[PDB]
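Each remark here refers to the structure printed beneath this line.
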Number of protein chains: 4
Amino acid sequence: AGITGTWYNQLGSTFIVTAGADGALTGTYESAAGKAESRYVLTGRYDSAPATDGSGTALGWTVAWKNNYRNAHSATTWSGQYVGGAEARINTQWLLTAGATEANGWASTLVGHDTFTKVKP
Amino acid sequence: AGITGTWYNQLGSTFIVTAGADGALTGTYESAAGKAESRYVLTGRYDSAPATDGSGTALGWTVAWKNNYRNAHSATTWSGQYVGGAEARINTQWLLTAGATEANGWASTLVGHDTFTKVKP
Amino acid sequence: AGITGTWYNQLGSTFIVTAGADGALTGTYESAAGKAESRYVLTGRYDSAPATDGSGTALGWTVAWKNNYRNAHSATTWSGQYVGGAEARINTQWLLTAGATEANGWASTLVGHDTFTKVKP
Amino acid sequence: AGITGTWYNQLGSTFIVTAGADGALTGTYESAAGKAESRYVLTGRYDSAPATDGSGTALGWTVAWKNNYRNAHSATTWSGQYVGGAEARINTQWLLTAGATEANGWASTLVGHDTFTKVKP
Ligand SMILES: O=C(CCCC[C@@H]1SC[C@@H]2NC(=O)N[C@@H]21)NC1CCN(c2ccncc2)CC1
Ligand SMILES: O=C(CCCC[C@@H]1SC[C@@H]2NC(=O)N[C@@H]21)NC1CCN(c2ccncc2)CC1
Ligand SMILES: O=C(CCCC[C@@H]1SC[C@@H]2NC(=O)N[C@@H]21)NC1CCN(c2ccncc2)CC1
Ligand SMILES: O=C(CCCC[C@@H]1SC[C@@H]2NC(=O)N[C@@H]21)NC1CCN(c2ccncc2)CC1
């Protein structure tokens with residue numbers, strides 16, 4: 001609950017998601033940063049029966065950075081939680097892995113953090 | 001290509017995945033570690049047109065740790081790449097976020113790394 | 001340059017550091033969160049000849065969470081960069097590893113992100 | 001205890017460290033990968049009174065990638081634990097931050113994992 005809809009991160013990226021009744025996330029992602037253009041498919045999962053003690057709702061999703069316009073040979077996963085209320089948020093940390101040869105595998109993965117809100121910066 | 005099927009990590013967990021023609025990952029995950037029992041739904045994405053220079057194929061997927069037997073109020077995302085050949089591998093790093101109150105949010109996310117192979121340890 | 005002094009993160013923790021001329025960081029850390037009390041020794045390194053193109057200055061430091069009052073059998077490393085100017089910042093991501101047995105090693109490491117400023121929240 | 005000496009990771013890098021009696025780590029690092037040449041100064045911290053229940057000993061250290069031969073405008077922190085015994089190990093995860101402009105800050109940090117042993121691969 002509260003997850004379905006449009007979310008914006010601190011970079012200005014747009015996350016459009018539908019949370020299905022038994023834990024599915026499905027939607028599109030449009031990144032304001034990096035080797036990206038237009039919308040990309042996403043899919044993920046969320047806890048559809050979270051705790052009732054004030055804790056957030058755990059979730060995650062993946063984008064592979066290939067669409068009809070661009071292929072960046074990479075994929076990002078966001079892991080985080082939804083925190084409801086008047087200033088609802090999805091707080092995440094992410095891992096972006098790029099395809100790499102063996103010699104470059106050590107340097108294949110970026111890490112960061114995105115904060116999503118219902119009204120953009 | 002090469003991704004569909006069963007994979008095993010260094011903990012003995014079992015990852016069963018179908019890679020669809022236009023980038024979908026769908027399947028089940030059974031963890032040998034942590035607050036888990038039996039299979040959980042997963043979904044993710046992969047680069048369906050990887051580079052041809054020897055690089056791996058970028059991918060990611062998510063498990064929310066709720067099924068009919070157990071809810072651990074948490075979700076893991078694996079970000080990594082498939083590397084084909086006689087000793088094929090999926091090399092990943094992962095983020096596990098647990099639902100948390102505001103006071104505990106700083107401590108909500110574990111990080112680690114899993115190596116998947118087609119024949120178990 | 002610009003690094004020496006007192007910094008505060010979003011949790012209210014206090015980072016007191018001296019940046020030595022050839023790349024040393026030395027000081028104390030006081031955490032507002034977790035299994036911590038009073039000051040802990042830190043040491044780290046920074047790039048003492050950063051780029052002049054507007055890029056930040058790369059750095060990192062470590063705290064082991066043992067002092068005369070408390071031992072949390074753990075250590076945090078912060079990796080990030082100093083960004084100078086009127087609203088100077090040290091932007092970091094961190095890894096906290098706790099001592100663990102073999103069975104619990106997979107769950108030994110937390111990840112997060114701290115933003116330090118010269119005037120507290 | 002057991003930490004002082006020379007360690008080798010899976011890339012063939014050489015970590016030479018002295019663990020001082022009250023928690024200091026001091027030494028040199030020579031990387032077999034990336035924008036590195038010869039030895040770099042490191043400093044870090046470790047838990048000098050670990051648990052006695054079979055748990056490892058938490059530690060961390062930092063290298064800034066500047067020496068007399070090369071400056072890669074970046075720093076790596078390793079966070080992990082020492083596990084003693086006949087096949088002693090230091091198991092780590094690391095964060096490498098590169099100096100970045102504001103527009104590139106999102107992409108400033110790599111993550112990975114290194115396993116150190118007392119006899120090289
Ligand atoms: O730029 C993209 C694709 C778009 C990513 C957008 C990112 S997702 C997390 C963050 N939040 C957003 O909203 N937007 C950004 N992909 C690159 C990254 C850099 N690459 C490498 C290669 C080798 N090693 C490391 C990195 C090459 C591929
Ligand atoms: O144990 C699980 C669910 C099963 C995870 C299994 C993990 S997935 C990555 C790794 N690879 C595998 O194959 N198996 C393991 N969930 C916990 C974790 C610890 N928890 C917290 C709470 C607060 N902060 C931090 C952590 C509570 C919830
Ligand atoms: O709480 C502390 C020591 C203080 C850490 C303070 C942290 S440093 C990053 C952040 N920024 C700050 O300013 N303050 C916080 N240590 C614990 C953590 C949880 N622990 C485990 C055990 C097993 N697996 C995972 C985690 C047990 C030991
Ligand atoms: O290559 C180095 C310095 C040597 C690092 C060696 C690494 S330490 C962890 C691992 N374990 C080892 O033993 N060896 C390797 N530095 C780069 C990295 C890539 N860079 C960027 C820039 C912008 N964003 C992301 C990354 C530019 C600077």
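Every chain in the structure tokens has a letter given in the order shown (A, B, ...), and although residue numbers restart at 1 in each chain, ligands are simply numbered from 1 in the order shown.
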
Residues within 9 Å of ligand 1, counting only C-alpha atoms and all ligand atoms, as a VMD selection string: (chain A and resid 8 to 15 29 to 37 63 to 66 71 to 78 93 to 100 104 to 114) or (chain D and resid 106 to 107 109 to 110)

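Across segment 8-38 of chain C, DSSP run on the backbone finds strand (DSSP E) at residues 8, 9, 14, 15, 16, 17, 18, 19, 24, 25, 26, 27, 28, 29 and 30 of chain C.
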
How would the residues just chosen look if you wrote them out with N, CA and C atoms as a tab-separated table (two decimals), in the first residue's frame?
chain	number	residue	atom	x	y	z
C	8	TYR	N	29.88	17.36	11.01
C	8	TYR	CA	28.68	16.77	11.61
C	8	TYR	C	27.89	16.07	10.52
C	9	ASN	N	27.38	14.86	10.79
C	9	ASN	CA	26.56	14.20	9.80
C	9	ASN	C	25.08	14.33	10.13
C	14	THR	N	29.76	13.50	15.36
C	14	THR	CA	30.81	14.50	15.32
C	14	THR	C	32.12	13.85	14.91
C	15	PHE	N	32.68	14.34	13.81
C	15	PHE	CA	33.92	13.88	13.17
C	15	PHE	C	34.94	15.00	13.30
C	16	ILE	N	36.01	14.78	14.08
C	16	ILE	CA	37.06	15.78	14.28
C	16	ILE	C	38.32	15.23	13.64
C	17	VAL	N	38.86	15.95	12.66
C	17	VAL	CA	39.94	15.39	11.86
C	17	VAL	C	41.02	16.43	11.61
C	18	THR	N	42.27	15.96	11.55
C	18	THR	CA	43.41	16.74	11.08
C	18	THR	C	43.93	16.10	9.81
C	19	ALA	N	44.02	16.88	8.75
C	19	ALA	CA	44.58	16.44	7.48
C	19	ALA	C	46.03	16.90	7.42
C	24	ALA	N	47.81	12.17	5.48
C	24	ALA	CA	47.27	11.50	6.65
C	24	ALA	C	45.99	12.16	7.15
C	25	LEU	N	45.04	11.34	7.63
C	25	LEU	CA	43.93	11.81	8.45
C	25	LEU	C	44.04	11.18	9.83
C	26	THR	N	43.86	12.00	10.86
C	26	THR	CA	43.94	11.56	12.25
C	26	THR	C	42.93	12.34	13.08
C	27	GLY	N	42.22	11.68	13.99
C	27	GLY	CA	41.26	12.41	14.80
C	27	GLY	C	40.38	11.51	15.63
C	28	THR	N	39.16	11.98	15.88
C	28	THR	CA	38.21	11.28	16.73
C	28	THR	C	36.84	11.29	16.10
C	29	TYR	N	36.05	10.28	16.44
C	29	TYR	CA	34.68	10.15	15.97
C	29	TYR	C	33.77	9.88	17.17
C	30	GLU	N	32.65	10.57	17.21
C	30	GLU	CA	31.64	10.36	18.24
C	30	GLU	C	30.32	10.11	17.51

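Here atom CA of residue 5 of chain B is placed at a distance of 18.8 Å from atom CA of residue 49 of chain B.
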
Let me make sure I understand: among B:58, B:41, B:21, B:103, which one has the smallest atom-to-atom distance to ligand 3 if we use only C-alpha atoms and all ligand atoms? B:103

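For the atom pair formed by atom 11 (N, counted along the ligand's line) of ligand 2 and atom CA of residue 101 of chain A, the distance is 24.0 Å, given to one decimal.
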
Grab the atom CA of residue 89 of chain B to atom CA of residue 115 of chain B distance for me, in Å with one decimal place. 6.9 Å

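Within chain B, DSSP run on the backbone puts these residues in helix (DSSP H, G or I): residues 102, 103, 104, 105, 106 and 107 of chain B.
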
Nearest to residue 56 of chain C: which of C:40, C:69, C:7, C:82 is it, counting only C-alpha atoms? C:82
